[PDB]
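In what follows, every heavy atom counts, from backbone to side chain, and hydrogens, waters and symmetry copies are set aside. Sequence lines set the chain letters: A, B, ... in the order given, protein chains first and strands last, and positions in each chain run from 1.
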Amino acid sequence: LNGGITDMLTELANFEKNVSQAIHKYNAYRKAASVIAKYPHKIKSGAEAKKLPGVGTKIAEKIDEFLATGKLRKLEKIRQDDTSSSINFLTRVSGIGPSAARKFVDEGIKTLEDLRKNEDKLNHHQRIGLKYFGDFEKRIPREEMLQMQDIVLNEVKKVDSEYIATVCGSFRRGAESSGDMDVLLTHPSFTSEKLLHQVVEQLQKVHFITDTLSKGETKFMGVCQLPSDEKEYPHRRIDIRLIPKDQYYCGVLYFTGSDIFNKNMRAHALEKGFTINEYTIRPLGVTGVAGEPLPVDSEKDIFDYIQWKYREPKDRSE
DNA sequence: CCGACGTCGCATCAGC
DNA sequence: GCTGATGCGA
DNA sequence: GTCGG
Ligand SMILES: Nc1ccn([C@H]2C[C@H](O)[C@@H](COP(=O)(O)NP(=O)(O)OP(=O)(O)O)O2)c(=O)n1
Ligand SMILES: [Mg+2]
Ligand code: NA
Ligand code: NA
């Protein structure tokens, strides 16, 4: 409905993050683009827009300019700027953030072609990002996510039948496609008071996991691909997080999302005397002092503690 | 007016 | 060599 | 850039 406005605010958001290194301004523009994306009328003026939470004076002014001229001078200008447009573009490679993109552009390295002929100036993550630049920008249809899930749940059970693994994120909520696969792993032997490596190893042995971005005792980030004389599947981003059993369901709730649904839930639990981080749910004592983590054995437990009726993953976009 | 705005695991760098 | 900081993508 | 104490 207001596609021109929300694209403009998303573009400005990227320049803030990537060129100006102004992360809070990036988040501001994104919040503004979001609140406007959901607004159920075609906007007529910046003043109409300013009524929304996240839209302030300068964005109301920007909308005014867009509506009257169909563009924004400042944006048109930065788009045409070689240095800035190249900086913003390089950050599309995974592992090249604002700072590595600035340095490349400083020394004349501006395009994927230039990155291709300068491998030795790329760290390991950035090579993998460049290798899969196009793949990493595709979404994953549900059907492939389900085949991916089949492999992961199978290999994980085969390594030790007492692992518990859950694929979270937009997939756990039932979305028709997904940007990545987030797997949450726990084992009854691991609580708060080798397990990851065994799983990653087995997924590599069956050639499901094809590259490693980073790997510690608790978190793996990397790349995987379904088996193929039909055209091969795109490489996909996979994360595997190993979480102590007593924190597993807080992890699951959180890494299931949505973004927005998380936020309300956290707020609802405040205005109920509980604090929910990704790890624990804790009570707030009569003056804001957090007490001990409360036992949690399922998602539902958390929902009870704060008297909300267990909400299905599919019903969690807010 | 003026500070918050999410917090953290891992890879790699910067300082010693 | 060791420790803390910073970049990055969550 | 926006919000709010
Ligand atoms: N800023 C953020 C980002 C993520 N999250 C939580 C909720 C998300 O569903 C979950 C995973 O983040 P995500 O993978 O970027 N988004 P999600 O999987 O829901 O959708 P897609 O990856 O399919 O685009 O972490 C959050 O609470 N705040
Ligand atoms: Mg996701
Ligand atoms: Na990047
Ligand atoms: Na990016």
Side-chain angles (χ1 to χ4, degrees), chain A residues 5 8-36 46 49-65 72 74-75 87 90-104 120-130 132-133 136-137 168-170 178-185 196-197 200 211-223 236-244 247 250-251 254-260 262-263 265-267 270 275-280:
Chain A
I5 288 158
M8 157 184 88
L9 290 179
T10 296
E11 209 176 324
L12 289 174
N14 294 333
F15 284 107
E16 295 302 340
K17 169 152 63 77
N18 306 323
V19 185
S20 287
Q21 314 180 225
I23 183 69
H24 301 303
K25 287 199 199 169
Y26 159 83
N27 292 318
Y29 279 125
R30 272 171 68 255
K31 186 176 176 210
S34 293
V35 78
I36 277 168
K50 204 170 163 314
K51 297 189 181 181
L52 311 184
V55 178
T57 294
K58 323 275 228 95
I59 293 174
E61 303 183 324
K62 295 178 151 83
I63 274 153
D64 280 349
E65 173 176 358
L72 268 197
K74 282 177 192 200
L75 185 59
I87 289 173
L90 293 184
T91 64
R92 285 164 57 192
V93 182
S94 190
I96 296 198
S99 165
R102 164 80 35 128
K103 279 191 64 192
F104 288 141
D120 50 12
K121 293 178 150 142
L122 268 40
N123 70 20
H124 185 69
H125 180 149
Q126 300 170 325
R127 290 169 194 191
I128 293 314
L130 168 55
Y132 303 118
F133 178 83
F136 285 2
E137 291 187 337
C168 299
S170 58
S178 286
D180 70 326
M181 170 169 278
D182 213 352
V183 189
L184 270 63
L185 206 68
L196 182 48
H197 162 84
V200 167
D211 306 85
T212 301
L213 294 180
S214 60
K215 171 160 110 60
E217 323 192 340
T218 65
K219 178 187 212 184
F220 170 87
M221 297 175 68
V223 185
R236 312 293 200 182
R237 280 287 289 106
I238 181 171
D239 290 356
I240 303 175
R241 288 181 219 271
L242 173 78
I243 298 169
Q247 297 190 191
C250 281
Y254 174 82
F255 289 111
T256 302
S258 72
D259 264 10
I260 296 158
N262 279 336
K263 207 288 212 173
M265 185 151 182
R266 320 204 130 194
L270 287 190
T275 186
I276 293 170
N277 59 34
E278 70 180 287
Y279 311 119
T280 57

Does A:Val35 reach a base, just sugar-phosphate, or nothing at all? Heavy atoms under 4.0 Å. nothing
Starting at NZ of A:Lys263 and ending at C1' of B:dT7, how long is that distance when rounded to a whole Å? 17 Å
With a 4.0 Å cut-off on heavy atoms, is A:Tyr254 in touch with a base, just the backbone sugar-phosphate, or nothing at all? base
Out of B:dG6, B:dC8, D:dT2, which nucleotide sits closest to the side chain of A:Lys58? D:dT2
So which nucleotide from B:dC10, C:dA10, C:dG9 ends up closest to the side chain of A:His125? C:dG9
Within this structure, what is the CG-NZ distance for the pair A:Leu185 and A:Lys219, rounded to the nearest 0.5 Å? 14.0 Å
Donor-acceptor pair present, A:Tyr26 side chain and B:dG6 base, under 3.5 Å: no
How is A:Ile23 classified with respect to the nucleic acid when contacts are heavy atoms under 4.0 Å: base, sugar-phosphate, or nothing? nothing
NE2 of A:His125 to CG of A:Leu213: how many Å apart, nearest 0.5 Å? 4.5 Å
Is the phosphate of B:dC10, meaning OP1 or OP2, less than 4.0 Å from a side-chain N or O of A:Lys219? no
Quick one: does A:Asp64's side chain have a donor or acceptor within less than 3.5 Å of a partner on A:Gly46's backbone? yes
Find the distance A:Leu122:CG to B:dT12:P and express it as a whole number of Å. 12 Å
Quick check for you: among C:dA10, B:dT12, B:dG6, whose closest atom lies nearest to any side-chain atom of A:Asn123? B:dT12
Considering only B:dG9, D:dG1, C:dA10, which nucleotide approaches the side chain of A:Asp239 most closely? C:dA10
For a quick check of understanding: with a heavy-atom distance under 4.0 Å over all strands, which category does A:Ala100 fall into, base, sugar-phosphate or nothing? sugar-phosphate
C:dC8 phosphate, OP1 or OP2, under 4.0 Å from A:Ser94 side-chain N/O: no
Note, A:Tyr29 side chain near A:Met8 side chain (heavy atom, < 4.5 Å): no
What's A:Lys62 touching, base or sugar-phosphate or nothing? Going by heavy atoms closer than 4.0 Å. sugar-phosphate
Interatomic distance where CG belongs to A:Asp180 and P belongs to C:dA10 [whole Å]: 7 Å
Expressed as a whole number of angstroms, how long is the span from A:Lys25:NZ to D:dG1:P? 4 Å
How far does the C1' atom of C:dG9 sit from the matching atom of B:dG6, given to the nearest Å? 13 Å
Residue closer to the 5' end of DNA chain B, A:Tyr279 versus A:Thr212 (nearest nucleotide): A:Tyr279
Using a heavy-atom cut-off of under 4.0 Å over every strand shown, decide if A:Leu52 touches base, sugar-phosphate, or nothing. sugar-phosphate
Minimum heavy-atom distance between A:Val55 and A:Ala60, given as atom pair plus value: CG1-N, 4.1 Å
Tell me the interatomic distance from A:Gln21, atom CD, to C:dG7, atom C1', rounded to whole angstroms. 10 Å
I'd like to know whether CD of A:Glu217 has more than 12 heavy-atom contacts from other residues, nucleotides or ligands below 6.0 angstrom. no
Nearest-Å distance, CD1 (A:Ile96) to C1' (C:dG9)? 14 Å
Are any of A:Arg237's side-chain N or O atoms less than 4.0 Å away from OP1 or OP2 of C:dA10? yes
For A:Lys215 and A:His24, take the nucleotide of DNA chain B holding the closest heavy atom to each; which residue's nucleotide lies nearer the 5' end? A:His24
Spacing between A:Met265 atom CE and B:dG6 atom P, to the nearest angstrom: 19 Å
Separation of D:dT2 P from A:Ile59 CD1 (nearest whole Å): 4 Å
Just call it for A:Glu217: base, sugar-phosphate, or nothing, with non-hydrogen atoms closer than 4.0 Å on any strand. sugar-phosphate
